[PDB]
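# Remarks on the overall topology
Here is how the chains run, residue by residue.
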Amino acid sequence: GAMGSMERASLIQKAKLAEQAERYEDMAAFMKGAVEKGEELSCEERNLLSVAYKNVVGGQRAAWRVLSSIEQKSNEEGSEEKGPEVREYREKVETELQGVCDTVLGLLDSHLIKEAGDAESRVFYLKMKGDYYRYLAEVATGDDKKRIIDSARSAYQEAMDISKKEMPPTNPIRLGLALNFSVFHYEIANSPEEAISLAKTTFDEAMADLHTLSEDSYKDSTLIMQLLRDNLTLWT
Amino acid sequence: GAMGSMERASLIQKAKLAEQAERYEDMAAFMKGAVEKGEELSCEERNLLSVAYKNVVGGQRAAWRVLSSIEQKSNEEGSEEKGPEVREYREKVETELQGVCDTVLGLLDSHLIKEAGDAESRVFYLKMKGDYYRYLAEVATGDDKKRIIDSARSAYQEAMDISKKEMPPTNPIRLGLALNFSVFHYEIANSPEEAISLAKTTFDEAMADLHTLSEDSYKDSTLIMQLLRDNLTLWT
Amino acid sequence: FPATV
Amino acid sequence: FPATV
Ligand SMILES: COC[C@H]1CC[C@H]2[C@@H](C)[C@@H](O)[C@H](O[C@H]3O[C@@H]4COC(C)(C)O[C@H]4[C@H](O)[C@H]3O)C3=C(C(C)C)C[C@H](O)[C@]3(C)C[C@H]12
Ligand SMILES: COC[C@H]1CC[C@H]2[C@@H](C)[C@@H](O)[C@H](O[C@H]3O[C@@H]4COC(C)(C)O[C@H]4[C@H](O)[C@H]3O)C3=C(C(C)C)C[C@H](O)[C@]3(C)C[C@H]12
Ligand SMILES: [Mg+2]
Ligand SMILES: [Mg+2]
Ligand SMILES: [Mg+2]
Ligand SMILES: [Mg+2]
Ligand SMILES: [Mg+2]
Ligand SMILES: [Mg+2]
């Protein structure tokens, strides 16, 4: 790896610089290098990893959706044939997106998940595993769309089981996991009732636990709760 | 080149798709491939070339400025030493930026400028040459900051001479050239009076020529005139 | 699209 | 920064 010669601390420092500069591809490469040093990630480092790859794949997903929409219109009645280019370029972006997802899933499998014993880290990494299988599922069509969907579900489910046993209902990682698993149900698994039920139950149990928190803990938490409510309002 | 096997028309089609998807690195690579087919670019194709590279280098410049600012603060009195990382990463972004500028300048020199006979294309390409030497000048320090600045000035000046002889004062390319050469004077060449004089004279002569135009020609033109006025208000 | 974090 | 096109 091209980051093999750089100190772990320097990789973390540069990931933070890359974040400040909104250079998320660089950020992701620095954080991959840090993971490959073989040591566990701290809480802050896990956030750097997630932010970097979420932003890289987020841009790829946005571009893929633009191109897929153009492609679908090109295949409607009365559309002029313009050749293979739209498909080719959509495929190019898709393959790049799949590559980034595969890279993240490989880091999680080698060896972040197996060394993660504390609930915070284990739920965090399993949520990411669900997220990146979900992104693979968004572009999947062939003989493994179903296996990819079940891989996402399995990871989200294991994270959910741990989060409910080991984390308070207002924990931001537990909340964000529930938010994203609810979106998986709505958008991937064709299970809108499960999506709504999960978002509602999560919101209500978090509300009832807010009284235990300091003013700052009452923050990204109430923040993610608003996202649950936003989704519920979109869906009902 | 990796685009050597792709049809020119397919490269242009994909550059337009990349633009729609805001994938400007891809857009720039497609348009480099198109230029390297060896045929002249049409008016619309020249715009695709410019938009692609302006956006790529624009992001690099924004990131470079973020990092240079962090670096300058790190070198102020009382700042804790944190090692070589900020310099290294600024250098990394800088080298990438220089590489993109060198690529654009190479396309212009091989062989867009030499085959450009019409005023529109020749002024357009010489303006780009000034622009990309200007970006090199923004990051230059060593024994060739001055030669880089003079290269920018020479290209802008040749474009100006042609534009004044061959184009009406309201021509959008003439106007945009004057806008950018005025910024070169203010920000690069330490010549704020020349910058102000150029922006004012350009604005006034364009105003007096607006009466000759259709409603649509009275558009990106009045649009660039507003940018001249914006700069004049920043500078006075 | 719905919100995810 | 000033405007360029
Ligand atoms: C693998 O699943 C990660 C998800 C689970 C839930 C959430 C929490 C870890 C959350 O704790 C975290 O928040 C921290 O990282 C944020 C980065 O983004 C900015 C705007 C800078 O704010 C930061 C916050 O201040 C800081 O608390 C984060 C978010 C907050 C804003 C809800 C969104 C970011 O995707 C993430 C890093 C991601 C995650
Ligand atoms: C090498 O120097 C190129 C400069 C000279 C002046 C200007 C003209 C060529 C101008 O004619 C041109 O405009 C066309 O391309 C625009 C692309 O951006 C959007 C927002 C899509 O609008 C488009 C306009 O509608 C369309 O007329 C363009 C701009 C207009 C909006 C002023 C800004 C773009 O840098 C550029 C492609 C660039 C150039
Ligand atoms: Mg070491
Ligand atoms: Mg495919
Ligand atoms: Mg349940
Ligand atoms: Mg051909
Ligand atoms: Mg350098
Ligand atoms: Mg003069």
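Residues numbered from 1 in each chain as written, not as in the entry; some residues may be left out. Chains lettered and ligands numbered in written order. Heavy atoms only, no water. Residues with missing side-chain atoms left out of burial classes, pairs and counts.

For this entry, the PDB record names X-ray crystallography as the structure determination method and reports a resolution of 1.53 Å.

Per the PDB entry, chain A carries the name 14-3-3 protein sigma and comes from Homo sapiens. Looking at the PDB record, one finds the entry titled "FC-J acetonide stabilizer of 14-3-3 and ERalpha". For the record of chain A, the UniProt heading Sequence similarities holds the text "Belongs to the 14-3-3 family." (UniProt positions renumbered as here; feature names shortened; annotations may be inferred.)

## So, the arrangement of the chains
For this structure, the chain pair with the highest number of contacts among three pairs of chains in contact is chains A and B. Looking at chain A next to chain D, you find no contact at all, with the nearest C-alpha pair sitting 17 Å apart. Between chain C and chain D there is no contact, and the shortest C-alpha to C-alpha distance separating them is 33 Å. (Contact = heavy atoms within 4.5 Å.)

## Brief notes about the relation of the copies chain B and chain A
The transformation that overlays chain B on chain A combines an axial shift of 0.0 Å with a rotation of 180°, and the residual RMSD is 0.0 Å. Here the copies are linked by what is in effect a two-fold axis. For chain B, the smallest separation between a C-alpha atom and the rotation axis is recorded for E25(B), amounting to 6.3 Å. Take the interface residues of chain B: 100% of them recur as interface residues in chain A, which is what a same-surface contact looks like. (Least-squares fit on C-alpha atoms.)

## What to know about a negative patch on the surface
Residues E40(A), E115(A), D118(A), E120(A) and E166(A) make up a contiguous surface patch of negative charge. The class of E120(A) is partly exposed, set by a relative accessible area of 33%. (Patch = residues over 30% accessible without salt bridge, like charges linked within 9 Å, V, L, I, M, F, W, Y side chains within 5 Å. Areas by Shrake-Rupley, 256 points an atom, 1.4 Å probe, with all protein chains shown as cover. Salt bridge = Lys/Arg side-chain N within 4 Å of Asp/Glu carboxyl O. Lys, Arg positive; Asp, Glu negative; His and termini not counted. Charge placed at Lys NZ, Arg CZ, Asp CG, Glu CD. Buried < 20%, exposed > 50% of the residue type's maximum accessible area, 1.4 Å probe, protein only.)

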